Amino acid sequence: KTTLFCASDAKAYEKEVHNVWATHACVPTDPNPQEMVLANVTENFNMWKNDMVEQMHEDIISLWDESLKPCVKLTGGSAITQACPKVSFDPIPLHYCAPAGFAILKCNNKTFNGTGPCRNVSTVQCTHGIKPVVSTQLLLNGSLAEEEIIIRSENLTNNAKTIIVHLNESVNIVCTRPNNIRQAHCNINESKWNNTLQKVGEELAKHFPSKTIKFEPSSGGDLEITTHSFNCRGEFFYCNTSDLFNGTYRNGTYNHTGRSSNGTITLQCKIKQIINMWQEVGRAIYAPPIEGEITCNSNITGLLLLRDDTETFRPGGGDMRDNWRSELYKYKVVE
């Protein structure tokens, strides 16, 4: 349809790189925006074919190119060298805004699965604040669903299509490299994981009804997708999730199978210098980790799954557009 613009609340005195990027690329935010209901209207959306996702993907690539420069970038035959200073890195929310003569329709159905017709609709100038958080397997620091866990997929019959599970209740995950400098670990409270996967198995069962529902760890691929990978405080964490995606839900009951201990699952993590890039097909080399305690305390707010009687789901990811989709699903640009 058109070219969106971004509004953020960043300040120009922060050294933090999302703030810096935003202060030259985004406009400040309307302190009181203005919505506009239309509960008879009913319009369709398709989260899987939504141009806003492409545009924000562009922006985040831009942000990362200006903020997290690699010492080396290998793409094609070429290798680029640049200065790769350690930086202050903590994502801030970004709002996407329709320019003059355009609006953003927001679907207000709190159970809207992301495709098809939506009953109650609003008009808005901008989306909510969206933290551009790059990760795999687990979606972090998003917006919880308001009613019940929600299964999203372009086509749930096509097992090659990523599934986005939208949780309604955060599950804490705490990842730390304490004070091998490249070793770290994550802690999740097993009870709340227990619970979350049981409710998720419930919903998945609604969609696949005769079958037991198995959670298993990612089969194969680059480390970036076979582990829960993400950037914490500038450093690239790769966390093993085999004791996380490991359990069966059979008789309306979830049994967790992965090893726990003292009531918490603990992921073993490596901090890594050589990265397979999400932005494009290529490799990126970074400097060794900063010093001291590197810790991120995050909210798991959704999952990225791939489906292989029984249905089996393993963690997926790799296409960062899906992350943006998970927040942008309820919006389209009109007029």
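Numbers follow the displayed sequence, beginning with 1. For clarity, a rigid core is taken as the largest C-alpha set superposing within 1.5 Å between two forms.
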item	value
Larger mean CA deviation from the shown form in 9 other deposited structures of this protein [core fit; 253-261 vs 205-213]	253-261
Which of 225-233 and 74-82 strays further in 9 other deposited structures of this protein - Cα RMS after rigid core alignment	74-82
Between neighbours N180 and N179, residues that the deposited sequence lists but the model omits	4 to 9
Missing from the model but present in the deposited sequence, between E293 and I294	none
Residue stretch of maximal mean CA temperature factor, 236-244 vs 253-261	253-261
Greater mean Cα temperature factor according to the PDB record, 262-270 or 29-37	29-37
Candidate set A79, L94, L156, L197 [ranked by C-alpha B-factor, highest]	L197
Out of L144, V121, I225, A160, residue topping the C-alpha B-factor column of the entry	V121
Lowest, middle or highest third - CA B-factor, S62	lowest
Entry-reported Cα temperature factor of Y13, expressed as the chain third it lands in	highest
Ranked against its chain, the third holding the CA B-factor of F208	highest
Where the record places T23 (Cα B-factor, split into thirds across the chain)	middle
CA B-factor ranking of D322, expressed as a third of its chain	lowest
